[PDB]
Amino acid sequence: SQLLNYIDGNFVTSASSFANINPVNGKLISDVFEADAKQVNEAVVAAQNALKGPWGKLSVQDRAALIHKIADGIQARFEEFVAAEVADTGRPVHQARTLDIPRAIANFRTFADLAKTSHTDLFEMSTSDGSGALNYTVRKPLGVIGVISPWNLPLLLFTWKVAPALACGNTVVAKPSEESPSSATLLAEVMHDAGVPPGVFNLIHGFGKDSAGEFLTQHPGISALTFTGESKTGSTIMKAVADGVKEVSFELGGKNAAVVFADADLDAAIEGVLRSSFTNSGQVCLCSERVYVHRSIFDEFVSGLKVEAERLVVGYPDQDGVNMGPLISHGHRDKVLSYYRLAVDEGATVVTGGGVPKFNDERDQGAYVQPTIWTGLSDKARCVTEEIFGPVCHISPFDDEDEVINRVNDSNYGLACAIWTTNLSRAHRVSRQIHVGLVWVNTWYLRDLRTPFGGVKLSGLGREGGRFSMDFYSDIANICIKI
């Protein structure tokens, strides 16, 4: 497979290519052409020009119809996108079929609909002469949106940004993770086939520092940079755009906690924490890598989770009953296993997992690790405070509600939290005190696309979703008429 850039209506190669590797077996899947600085310029300039072309003349209704046409395009190639997403990342086929590709479709449809329904405000005011004035606001395209996305939910996160950007009339220069370039490239094909005017959507491949990613953030021609990824990368991009004072929107992961209270449905909570720790092999920014369980049910909770975790099938994306594929790459697995070691050095008890499974086939050339549970670490351990981004959790007992709220909040991060309790007052009382952008009670990662999505502290800045995306991806302009 060859994966090219898509710049100003055309697919183009580059001076340099890099390998896309399948993490299931270590095999080469494709050569990917790295955009250089010149090509990034070309994309941004094309994006700037396209804003003054046909795209800029479309009614909101026409624009929304075309975006639905994009989403029809993905649906018409549904299985091709499933296969591309699975090949890049090793994620289970059922996950790609139920979470990944459908969400990418729903992202475009949801924001296409919002572009049609959304309106703005009218404020009337008195003036000293008695004639009054009126202020009204409009939303306009911000301009060229730079989009930089990660490899953990490639098409979902890539379209989570591209859909609202296009729905708001912007043009886009978008750079997918070098680890998972395939579905974004098929998306370029869908755009092209749907007749999206040239320059409106541009796809550039490559890495971050000293590559397409960095060149994007440094380009004076963009009006905003939306990014999901590692928190320190957020800081770097924020510095990079500072001289342009570009608008920024960041979701930057975290060190999320699950809390299980004594009145929880215990079997429900065990299954739910199994899902929150090990979904996508723990490679969701929302995963619970810290878990607090009331002392009175701690042992029974830990025993039950150990049993469920050792029932997880780890293997081929299409394997019967598969629950976990590999990590995204050998590089990421190096990081995760170095934390597996660190946990033991910090004095953890390894409840289950802690290494890599032996398959006695090509999966041994892949990037698999075992689902892993720890117990016995202090709230200050590095494995309990630093984002690992693997299929792991540490479990600790607690006694008191105010105490556990403090321990959950005692973090430089604050993206998400999951709480288990059957008690009505506790759900609402505790949830509002957790210092994060997203709380789930008796579930996890349940998404209504209209809700504000973002984190606090090192976990991000701004919110996206619903009207928060409609506001971020638009110039909000106030027009005051003296009457």
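In this text, rigid core is short for the largest set of C-alphas that superpose within 1.5 Å between two forms. Numbers for residues come from their place in the sequence shown, where the first is 1.
Enquirer: Please tell me which region, 180-188 or 247-255, has C-alphas lying farther from the displayed form on average in 4 other deposited structures of this protein, with superposition done on the core.
Expert: It is 247-255 whose C-alphas lie farther from the shown form in 4 other deposited structures of this protein.
Enquirer: Once the rigid core is lined up, would you tell me whether 271-279 or 123-131 has the higher RMS CA deviation in 4 other deposited structures of this protein?
Expert: The stretch that sits farther from the shown form in 4 other deposited structures of this protein is 123-131.
Enquirer: Check the entry's C-alpha temperature factors for 67-75 and 116-124, then say which stretch has the higher mean.
Expert: Here the higher of the two C-alpha B-factor means belongs to 67-75.
Enquirer: Averaging CA B factors per stretch from the PDB record, which one is higher: 333-341 or 245-253?
Expert: Result: 333-341.
Enquirer: Which of these, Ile395, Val173, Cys383, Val404, has its C-alpha atom at the highest B-factor, as the entry lists it?
Expert: Going by the entry's C-alpha B-factors, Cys383 comes out highest.
Enquirer: Going by the CA temperature factor in the entry, name the top one among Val439, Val430, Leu28, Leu449.
Expert: Answer, based on the entry's C-alpha B-factors: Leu28.
Enquirer: When the deposited Cα B-factors of this chain's modelled residues are ordered and cut into thirds, is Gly9 in the lowest, the middle or the highest one?
Expert: Its C-alpha B-factor belongs to the highest third of this chain's values.
Enquirer: Where does the C-alpha B-factor of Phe301 rank in its chain, lowest, middle or highest third?
Expert: Highest third, going by the recorded CA B-factors of the chain.
Enquirer: Can you tell me which third, lowest, middle or highest, the CA B-factor of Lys358 falls into for its chain?
Expert: Highest third of the chain for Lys358's C-alpha B-factor.
Enquirer: By its CA B factor, does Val82 count among the lowest, middle or highest third of the modelled residues in the chain?
Expert: Its C-alpha B-factor, which the entry lists for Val82, ranks in the middle third among residues of this chain.
Enquirer: Report the third (lowest, middle or highest) to which the CA temperature factor of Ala15 belongs, ranking only the modelled residues of the same chain.
Expert: For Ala15, the deposited C-alpha B-factor lands in the highest third.
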